[PDB]
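Student: experimental structure and sequence below, a few questions after.
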Amino acid sequence: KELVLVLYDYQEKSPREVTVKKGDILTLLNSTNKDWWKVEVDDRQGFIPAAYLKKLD
């Protein structure tokens, strides 16, 4: 499972849409939308703009 790094502080906009903190590492559940990657934080999922995220292989 790929790891991504939350480059920036991001709060939600809709229900079940990740509210990530900075410097966090995540589980790239789905990178099939060029602008909207679906991440996995702790034991919760959601989506986060893909410009707030980075590659961790």
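Tutor: Received it, and whenever you're ready, just let me know what you need. Numbering: from 1, shown residues only.

Student: quickly list what the most centrally placed residue in the chain is bridged to.
Tutor: Residue closest to the average C-alpha location in the chain (C-alpha atoms, centre = their mean): residue 39, at 3.9 Å. Under the criterion DSSP bridges, residue 39 forms beta bridges with residue 46.

Student: tell me the contacts of it?
Tutor: If a contact means C-beta atoms under 8 Å, 6 or more residues apart in numbering, then residue 39 has 4, 18, 20, 26, 27, 28, 29, 45, 46, 47, 48, 53 as its contacts. Where you see a C-beta, it was placed from the backbone N, CA and C, and this is true even at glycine.

Student: which of those are buried?
Tutor: For the contacts of residue 39, burial is judged from neighbour counts taken by 16 or more other C-beta atoms under 10 Å, and it is met by 4, 18, 20, 26, 28, 29, 45, 46, 47, 48, 53.

Student: I figured the third one was touching residue 9, is that so?
Tutor: Right, residue 20. Yes - judged on C-beta atoms under 8 Å, residue 20 makes contact with residue 9 at a distance of 7.5 Å.
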